[PDB]
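For reference, the chain that follows is the form deposited in one PDB entry, supplied as structure tokens.
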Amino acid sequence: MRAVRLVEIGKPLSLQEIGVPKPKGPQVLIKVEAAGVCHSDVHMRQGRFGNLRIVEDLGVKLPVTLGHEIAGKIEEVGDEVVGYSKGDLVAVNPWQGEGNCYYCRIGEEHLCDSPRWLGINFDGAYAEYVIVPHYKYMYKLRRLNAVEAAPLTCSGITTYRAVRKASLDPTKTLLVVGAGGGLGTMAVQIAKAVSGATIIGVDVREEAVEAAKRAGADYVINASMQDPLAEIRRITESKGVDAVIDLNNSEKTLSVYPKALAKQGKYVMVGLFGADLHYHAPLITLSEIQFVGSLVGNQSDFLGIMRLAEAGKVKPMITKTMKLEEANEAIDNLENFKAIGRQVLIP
């Protein structure tokens, strides 16, 4: 089968011809019908997230097929698989745990001590077929098609968990930083669909700000055209925002938005652009603000985003679909910030 893999750090992904794996035990072989392209693949291709080298620091062994936003058709199942037939369309949660470690036992599968992350340290969906380590991480699609579903296995589940950690309610205001992108448009949608909170989206490109407006943001700010702090101060009447979901975490965002936090404000850190958080400690203490990291999601979150989307309450804003052979171009679009919403590969 054809596969687009990360063969060498700092080089374009490589289109290779490799064998189709045989599913055994609880594994499932999925015929890929859609593979979302995440800005994380820009970092993968660069070989790192900040100063955390995927090889030396995270244990990633090259070559590896990328693609962790997964949706497809069941081709073959192992002997232990129960509840699926050939042809069934499913979304796949790629953040899998082995089930016995501390984190797996308390329902935090994605923080497993021996993680199996399809598209990161295990082969992903940028191919004709993909192996699912365990069938319990799949979701039978009922209303969604594969293209709409794929993005939910990362951008959806990640922002669903992030919106929950932001502890939002009708009396609060949320600020989404980088609201016009893949996760940004998703964070805005979920917050609109289930929190009742007022939403402010900020980006730095005309089309991105427009995308955030389309995603449902009550207020949108173009940080290139105006001072976002003055505007946020105006919108919240000097109270500041109760929560920020930063989908960048660059020196540009981290040196600005934490100052917009209200007392008890939660700064949810999702983006992986690679900067260092730097804030005066007494200021954190006196305002009781929090800086909380959020990583993809667990089985519970997956269930949550999939049911929300199946109900039509949220829907990935797919602005572009292209062939698997165009994986590098789709990634260049994110690296050059020439994309909005989400792009999906349709092998």
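Quick note: we count residues from 1 along the sequence shown, nothing fancier. If you superpose the two forms and keep the largest set of C-alpha atoms that fall within 1.5 Å, you have the rigid core.
Missing here is the form deposited in another entry; even so, the following discussion is about that form.
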(request) Give the option from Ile284, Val292, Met322, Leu295 whose C-alpha shifts by 2 Å or more between the shown form and the other one; the alignment is on the rigid core. (result) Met322
(request) Could you check whether the CA atom of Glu251 moves 2 Å or more between the shown form and the other one, using the rigid core for the fit? (result) no
(message) Quick check: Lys136 between the shown form and the other one - does its CA shift reach 2 Å or more after fitting the rigid core?
(response) no
(message) Using a rigid core superposition, assess whether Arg53 undergoes a CA shift of 2 Å or more between the shown form and the other one.
(response) yes
